[PDB]
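>>> sequence and experimental coordinates follow.
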Amino acid sequence: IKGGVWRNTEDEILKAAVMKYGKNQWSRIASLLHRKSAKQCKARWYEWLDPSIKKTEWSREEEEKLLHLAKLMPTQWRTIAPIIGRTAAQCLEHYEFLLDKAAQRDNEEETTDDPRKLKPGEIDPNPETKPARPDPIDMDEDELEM
Amino acid sequence: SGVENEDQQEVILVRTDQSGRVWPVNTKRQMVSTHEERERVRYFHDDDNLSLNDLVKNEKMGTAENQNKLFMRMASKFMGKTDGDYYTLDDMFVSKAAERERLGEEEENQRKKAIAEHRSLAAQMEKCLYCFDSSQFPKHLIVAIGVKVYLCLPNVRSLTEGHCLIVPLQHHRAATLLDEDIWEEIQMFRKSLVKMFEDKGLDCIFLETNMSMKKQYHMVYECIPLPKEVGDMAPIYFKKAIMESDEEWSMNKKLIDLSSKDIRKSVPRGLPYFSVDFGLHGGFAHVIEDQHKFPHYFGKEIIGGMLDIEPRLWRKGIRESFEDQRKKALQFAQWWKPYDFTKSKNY
Amino acid sequence: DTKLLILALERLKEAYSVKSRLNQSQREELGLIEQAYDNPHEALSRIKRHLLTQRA
Amino acid sequence: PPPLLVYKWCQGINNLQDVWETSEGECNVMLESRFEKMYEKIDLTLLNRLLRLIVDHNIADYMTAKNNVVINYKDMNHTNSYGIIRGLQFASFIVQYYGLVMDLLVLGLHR
Amino acid sequence: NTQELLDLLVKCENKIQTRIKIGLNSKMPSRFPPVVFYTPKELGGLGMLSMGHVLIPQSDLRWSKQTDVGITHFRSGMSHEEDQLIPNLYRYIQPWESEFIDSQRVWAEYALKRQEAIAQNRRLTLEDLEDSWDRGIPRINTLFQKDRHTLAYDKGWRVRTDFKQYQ
Amino acid sequence: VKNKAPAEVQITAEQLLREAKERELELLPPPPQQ
Ligand SMILES: [Mg+2]
Ligand SMILES: [Zn+2]
C-alpha cells in the first residue's frame, strides 16, 4: 500500500529532504513522504534526481559505445551503465529503441503482426524512472498536509 | 444500570467474559498507607472494603485476567529498572499499590469495556451476513426458518452442489456457548440434512470453525455434501491434517476424539475449538492455540483438496449473479421439500 | 501453470509463518501473495510479461 | 534423503564386480572434495550462453540479468558483475546445471 | 556409535537445564527435581526430550489421596530397584537400515491392500490404514495429504529447501 | 468539486526552504523592556 506514480510535490520534498538528511538516511526521508518507502525514495533519487544523470538526447558516440557494450556484455545493464554514463533504465530503453529502429526496417512497414503487446490493468514495475506528474490545481488534503 | 444513549436509543451496559457469560455493569497516586506501627497490614488500597460475600461475588462476576491489569500498568515507561537482586519484579509489584483515582477503576472498566464491547458488537451486527435485520443479509438464500435456527446458503459460489449453512437467529459465537434449546434444534436440521443427502446418494461433513472468541463472529454450522466414494475417505484426511496443523509441541494434545462425547462436554466454554462431524457420527475436534498457524477456513481447504477444487473457492469466495445465479435456492428448496420438519401446513 | 503458482506462493508464505512482527516490505510481500491467490490469471500475465520485457 | 544416499553409495560400492579382491594388485580410491569457489566464479556471459542452450532466450536473458543487481548493506553498495547471487529463487537450477557442465569436464563425455 | 557426540548431548542438555534453573535462580546446589523438565507439556511440564543418562531420586516417587476413609499413601515402583531413569530417545527412533528394509515391505503390502480393496468394492478404512500409518520411504500417510495432486508438480524441491538458507 | 488540471506554478524545493525559514519556530521573542 505504498508507491505509485511520482508527482512533482513528492520530488521537491525529496530534494529538500536530501538537502537536510543526505544520501544515507532514506528512512528519515521516507517518513516525510507518505505513500513512499525508503527503498523507493533511494531508487527514485539514484534513477531520476541525482544531478549526474544525463537526461539530454543520446549522442552518436554514446550509442556506438552502447551497441558495442551490449553486444559485448549481454543483459548486464548495471555493468554497462557506469561505462557509457547513463542510467541502466535509460540505457536499456534506448537499446530496445535502437533494435526496434532496425527490426522495423528489415521486415515491416508500420503495423501488421500483433497490434498491442503493452501493459493494461497493471502497476508499472519501476515508476522511479518516469517523469513527475505536475501538481493538480485543487490539491487535496494529503498533498497540502504533506 | 448504565444507559449510554447511542445516537438515539437505550442500551443496557453489560460485559461478556471469556466463558461468554453476560454480566450487568453497575455504576498523583499518593501511595496510600500499606503499613501500621512497624507492621504491614494490607497490600492493595482496598483490602478492607471487600467482605467474604463480596469476594464471592467478584470472583463469579470477575473476568479471568487479574494479572493483566497490573502488568499493563507496570510494563510502561519512566519506571526505573529492575537491578537484579534487592529490587526484583516482586517488590516492584508490592510498590505499585496506589490509591485509584476516585472510582477510576469503575470508570475505566465501564467506559473501556462497555463502550468498546458495544461498539464492536454493533459493527459486527451491522455488517453481519446473519442476524436478519442487518445491512448485507441476502435474504433469498434463506430456505428454512425454525423456532430459533434456520438454514441458509453461502453468499459465494458455494464449493459443492448442495453446500448449505445452519445459522442461529442471534449472534452466539460458539456451539458450547449455545443453550440446549438452540442446540437440539441444530441437531434436528443436521439429522434432516443427513437423511436428505443419504437418499440422494451423497455424504455429509459438518464443519464448525470457531476462531478467537473476542471479535464477535456469528456462529455458522457448515454442511458440505460430497459423494460417498470420497466421504468414506474423509476421516483419514481430517485425522492426518489436524495432527499436522497447529504449533508443534502443543500443550492440549491435538485431535480430540468426538465419537461419543459431542463437543458440548468435550471442549470447555471459552476456548476456540475447530470441530468436524461426519454425518451422524461425531468426528474430531482441535482446540486452537496460536491463531496464526491455523487458517480460519481449514476445513474447506481439506474438503477442497480431496475434491480437487481451486483455492479461490474456500478463501475469499467467488461472487455470483446477485439474483440470477443465486437461484440455486430454487434447486435446493425442491430437494428439501420431503425432509422439511418446520411446518405441517401441507394439506 | 496455476499449480506452479500455488506451489510458488506456498513456498513464499512458508517464510513468514514462524514470526508475527512484520514491517512494510513484508506486508507488501504478503499482500502480493494474497492478490496472486485471489486472481491467478492476472498474476500469470504479469509474470510472463516480466519474463518477456524486464531486464533491469 | 541423504542417509538413504549414503546407504545407496555403500551398497553400490559393495555391488561392484570383484571390488574387494587385491590378489593381482588392485586399489580402490575414494575422493571427496568440493568445487571451492563455484558460486563465486561463474561468468555471467558464459552463463547466458549455457542457459540459451537450455531454455528460451528470453528466460535465459532474464536469469542472466537478474544476477547483475546492486547489493546493499547499510552504507555500502556495489554491483554483482561477476558471480551469482545464491539468494535467488531459481539459483538452485543455475547451480545444478553449471555443476552438470563441470561434471562433464571431470568425467568426460564418454564415461 | 560416537561417544563424543553422546557426551556433547549430555553437556548441552545440562546447559539448558542450568539456564532454566538460573531462570528460577535456584542456586548452585542440586536436587532440583527433574519432573518439572521432563513432564509432558499437557500435564504442565516443559515437555523436554532427553538424550542422556539422568536418573530421578526415589524420594520423588511418593504420592497420596484423601478418600472417605482418610488418607491413603500409594507408592510407585517399590520393590528393591533403582531403575527409574528417563526413557531416552534412541530406543524410540527407528534406525535407517530397519527403515529401508521395512519401507519396501510396507509399500508392497499397501499396494496389495488397496488392490484387494478395489476388487472387493469398499473404500479404505481407518484401521487397515492404521496398521501401516508411520512406515515407508515417503511415509504412507503422505498418500492422504490435503493436496497430493498439486504436489505432483513440485519437482526439485530438495535443492530448494537446501538453498532456502540464502533467502 | 475538485478539478484535476495541469498547473502553472509548479512549486519547487527552494520555495519550500523559503517558507520553512519564515516559520521562525526557534526564534524566541526578545525579553520585554524592563
Ligand atoms: Mg538503566
Ligand atoms: Zn449476525
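Received it, and whenever you're ready, just let me know what you need. Numbering: from 1, shown residues only, chains lettered A, B, ... in the order given. Ligands and ions are numbered 1, 2, ... in the order given.
>>> show me the contacts for the residue most central in space within chain C.
Here the mean C-alpha position of chain C is nearest to the C-alpha of residue C:33 (Cα atoms, centre = their mean), at a distance of 3.8 Å. Applying Cβ atoms under 8 Å, 6 or more residues apart in numbering or on different chains to residue C:33 gives the contacts C:9, C:12-13. Just so you know, the C-beta spots here come from the backbone N, C-alpha and C atoms, and that holds for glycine as well.
>>> most neighbours out of those residues, which is it?
residue C:9 (18 neighbours; other Cβ atoms under 10 Å in any protein chain shown).
>>> sec struct for it, please.
State at residue C:9, reduced to three classes by DSSP: H, G, I helix; E, B strand; the rest coil: helix.
>>> so how far is chain B from it?
Distance from residue C:9 to chain B, counting by Cβ to the nearest Cβ, to the nearest Å: 9 Å.
>>> so that residue touches residue C:40, yeah?
No - Residue C:9 is beyond contact range of residue C:40, at 9.2 Å (criterion: Cβ atoms under 8 Å).
>>> in what helix or strand does the residue nearest to the centre of chain C lie?
Using DSSP states H and E, the element containing residue C:33 is helix C:24-38.
>>> and if you look at residue B:285?
Assigned by DSSP H and E, residue B:285 falls within strand B:281-286.
>>> centre of the chain to that strand, how far?
Centre-to-centre, strand B:281-286 and its host chain are 18 Å apart (Cα atoms, centre = their mean, to the nearest Å).
>>> same thing with stretch F:3-13?
Relative to its parent chain, stretch F:3-13 has a centroid offset of 17 Å by Cα atoms, centre = their mean.
>>> with stretch A:4-17 instead?
For stretch A:4-17, the separation from the chain centroid amounts to 14 Å (computed by Cα atoms, centre = their mean).
>>> would it count as contacting chain F?
Yes - residues of stretch A:4-17 contacting chain F under Cβ under 8 Å from any Cβ of the partner chain: A:8-9, A:12-13, A:15-16.
>>> for chain E, give me its nearest residue in chain B.
Of all residues in chain B, residue B:232 sits closest to chain E, at 3.7 Å by Cβ to the nearest Cβ.
>>> just read off the phi/psi values of that residue.
phi -80, psi -10 (degrees, to the nearest 10).
>>> so what's it closest to, chain neighbours aside?
Excluding the flanking residues, the one nearest residue B:232 by Cβ to Cβ, 6 or more residues apart in numbering or on different chains is residue E:123, at 3.7 Å.
>>> secondary structure class of the one you found, three-state.
Here residue E:123 takes the coil state, with states given by three-state DSSP.
>>> quick one: residues contacting it.
Residues near residue E:123 by Cβ under 8 Å, 6+ apart: B:229, B:232-233, E:117.
>>> so which of those is the closest to chain F?
For the contacts of residue E:123, the nearest to chain F is residue B:233 (59.2 Å; Cβ to the nearest Cβ).
>>> would you say residue D:53 is within a helix?
Yes - looking at residue D:53 with three-state DSSP, it is inside a helix.
>>> phi, psi of residue 32?
In the absence of a named chain, this looks at chain A. phi -90, psi -30.
>>> look up how far residue A:29 lies from the residue lying closest to it once chain neighbours are set aside.
Spatial nearest neighbour of residue A:32, excluding adjacent residues (Cβ to Cβ, 6+ apart): residue A:17 at 5.1 Å. Distance from residue A:17 to residue A:29, counting by Cβ to Cβ, to the nearest Å: 4 Å.
>>> and residue A:1, by the same measure?
With distances taken as Cβ to Cβ, residue A:1 is found 19 Å from residue A:29.
>>> same question for residue A:35.
Taking Cβ to Cβ, one finds residue A:35 at 13 Å from residue A:29.
>>> so which of these two has more stuff around it?
The residue with more neighbours, out of residue A:35 and residue A:29, is residue A:29; 22 against 14, by other Cβ under 10 Å.
>>> list the contacts of that one.
Neighbour list for residue A:29: A:14, A:17-18, A:21, A:38, A:41 [criterion: Cβ under 8 Å, 6+ apart].
>>> same question, residue B:69
Residue B:69 sits next to no residue when contact means Cβ under 8 Å, 6+ apart.
>>> what about the next helix or strand after the strand holding residue B:285 and chain E, touching?
Scanning forward in sequence from strand B:281-286 by DSSP H and E, the next helix or strand is helix B:300-306. Yes - Helix B:300-306 comes into contact with chain E (Cβ under 8 Å from any Cβ), by way of B:301-302, B:305-306.
>>> can you put those residues in a markdown table and add distance to residue D:104 and neighbour count?
Compiled in a markdown table, the residues of helix B:300-306 next to chain E are given as follows (distance: Cβ to Cβ, whole Å; neighbours: other Cβ atoms under 10 Å in any protein chain shown):
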| residue | distance to residue D:104 | neighbour count |
| --- | --- | --- |
| B:301 | 45 | 18 |
| B:302 | 46 | 24 |
| B:305 | 42 | 19 |
| B:306 | 45 | 24 |
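>>> what's the closest of the residues you listed to residue B:6?
Closest approach to residue B:6 among the residues of helix B:300-306 next to chain E (Cβ to Cβ): residue B:301, at 39.1 Å.
>>> burial count for the residue of chain B closest to chain E?
Neighbours of residue B:232 using other Cβ under 10 Å come to 16.
>>> swap in residue B:289?
Residue B:289 has 15 nearby residues by other Cβ under 10 Å.
>>> what's the helix or strand for residue 71?
No chain in the question, so chain A it is. Residue A:71 belongs to helix A:60-72 when elements are defined using DSSP H and E.
>>> was after chain D, sorry
In this assignment (DSSP H and E), residue D:71 forms part of strand D:70-73.
>>> now do that strand: distance to the chain's middle.
That offset, for strand D:70-73, works out to 25 Å (Cα atoms, centre = their mean).
>>> which helices and strands does it pack with?
If contacts are counted by 3 or more Cβ pairs under 8 Å, 6 or more residues apart in numbering or on different chains; DSSP states H and E, strand D:70-73 sits against strand D:76-79.
>>> the strand it packs on and chain A in contact?
Yes - if you take Cβ under 8 Å from any Cβ as the test, strand D:76-79 does meet chain A, through residue D:79.
>>> how far off centre is that strand?
27 Å.
>>> any part of whichever helix or strand comes after it near chain C?
Going down the chain from strand D:76-79, the next helix or strand is helix D:91-107, by DSSP H and E. No - Helix D:91-107 lies out of reach of chain C by Cβ under 8 Å from any Cβ, never closer than 11.5 Å.
>>> list the contacts of helix D:91-107.
If you take Cβ under 8 Å, 6+ apart as the criterion, helix D:91-107 is touched by D:35, D:38-39, D:42, D:47, D:50-51, D:54, D:63, D:84-86, D:88, E:156, E:159-160, E:163, E:166.
>>> hmm, try it at 6 Å
The contact list for helix D:91-107, computed with Cβ atoms under 6 Å, 6 or more residues apart in numbering or on different chains, reads D:42, E:159-160, E:163.
>>> helices and strands around the helix holding residue A:71, which ones?
helix A:77-84 (3 or more Cβ pairs under 6 Å, 6 or more residues apart in numbering or on different chains; DSSP states H and E).
>>> after the helix it packs on, heading C-terminal, what element do we hit next?
Later in the chain than helix A:77-84, the nearest helix or strand by DSSP H and E is helix A:88-106.
>>> show me what that next one is in contact with.
For helix A:88-106, the external contacting residues (Cβ under 6 Å, 6+ apart) are A:58, A:70, A:77-78, A:81, A:129, C:55-56.
>>> try it again at 7 Å.
For helix A:88-106, contacts defined as Cβ atoms under 7 Å, 6 or more residues apart in numbering or on different chains pick out A:47, A:58, A:63, A:66-67, A:70, A:77-78, A:80-81, A:84, A:126, A:129, C:55-56.
>>> try stretch C:10-17
Contact partners of stretch C:10-17, identified using Cβ under 7 Å, 6+ apart, comprise B:293, C:22, C:26, C:30, C:33.
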